[PDB]
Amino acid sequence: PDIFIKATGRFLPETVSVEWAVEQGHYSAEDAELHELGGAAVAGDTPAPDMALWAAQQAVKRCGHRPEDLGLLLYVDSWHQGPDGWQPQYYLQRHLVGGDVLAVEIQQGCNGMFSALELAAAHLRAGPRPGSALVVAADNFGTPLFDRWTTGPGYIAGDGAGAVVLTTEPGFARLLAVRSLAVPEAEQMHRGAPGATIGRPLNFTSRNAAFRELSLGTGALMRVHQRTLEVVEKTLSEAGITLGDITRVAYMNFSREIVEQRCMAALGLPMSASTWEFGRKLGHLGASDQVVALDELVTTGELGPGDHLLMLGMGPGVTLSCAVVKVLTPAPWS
């Protein structure tokens, strides 16, 4: 059973450059030289559920799909969306999809989009013949317990939202394969407390520093690098292609050094084939870095018929997910 991507959409607010951040004293001058970043998309007071609604509407309106025809809604995120005891997917269920679908919030850090693609693809295959599913990501890091500039090491957090409409019937693109491996031994990399949940602020740099200070074996990082290449080898094998067939690579919007060494230099591909130039100005958009990169490559016409995109992403777990999207025809909105 084939799973086709009918359409994709996003919402990106106004970008704040690093030169501005350096002047006010939010971002460091040395870090601006160390990480050659462009900027970060800042929403401000716009809720993340609203940003997801804008991205979902564009994806639906692009291909001319009916919101009621959807059989699944997967809202993914890595940070608080709204009030506690209330999930964000009901907002899209009210103002778009309708209450005759399976709406459910996914959470797996920045790799939540990859897991949603697996669950959505499995849901469509098991379901009826004419099926369709909506997968969306959205986050607003402009909050009290999150500093977009200094929280994450090697990247600047950004606000926005990504969307994608999967379907059983033929479309412009096709999801060939998508995997998700993990190194659970390095699960302490993204924490350092578990008795009391909320209260303290977020800072991945200190949590990574605390994890690096003490390890039982400490061959986690190397097994993480092994499992980075393993999941890519597995995804390409399932998709039925080689690394030579890959046209572009969609890694997260981390520092130029990190994107070069960990992703592109590991696979043995040039930095021109990455989505770094575009991604640098946007920053790390939670779990929307590869779908917004796919959107930009598809919409502009850089990724034409016959080409393959290699979506890769490492997140908390540490979980390493890889996906392969093939463009069959040109997009109906380009």
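Start at 1 with the first residue shown and count on from there.
In the deposited entry, the stretch joining residue 126 to residue 127 is continuous, with no residue of the deposited sequence left without coordinates.
In terms of unmodelled positions of the deposited sequence, the stretch from residue 216 to residue 217 in this entry skips 4 to 9 residues. Here the stretch with the larger average CA B-factor, out of 206 to 214 and 110 to 118, is 206 to 214. Stretches 197 to 205 and 91 to 99 differ in mean C-alpha B factor, with the higher average recorded for 197 to 205. For residue 84, the recorded CA temperature factor ranks within the lowest third of the chain's modelled residues. In the deposited entry, the Cα temperature factor of residue 16 places it in the highest third of its chain's modelled residues.
Residue 29: CA B factor in the highest third of modelled residues in this chain (values from the PDB entry).
Compared with the other modelled residues of the chain, the Cα B-factor recorded for residue 233 ranks in the middle third. Annotation for residue 152: C-alpha temperature factor in the highest third relative to the rest of the modelled chain, per the entry.
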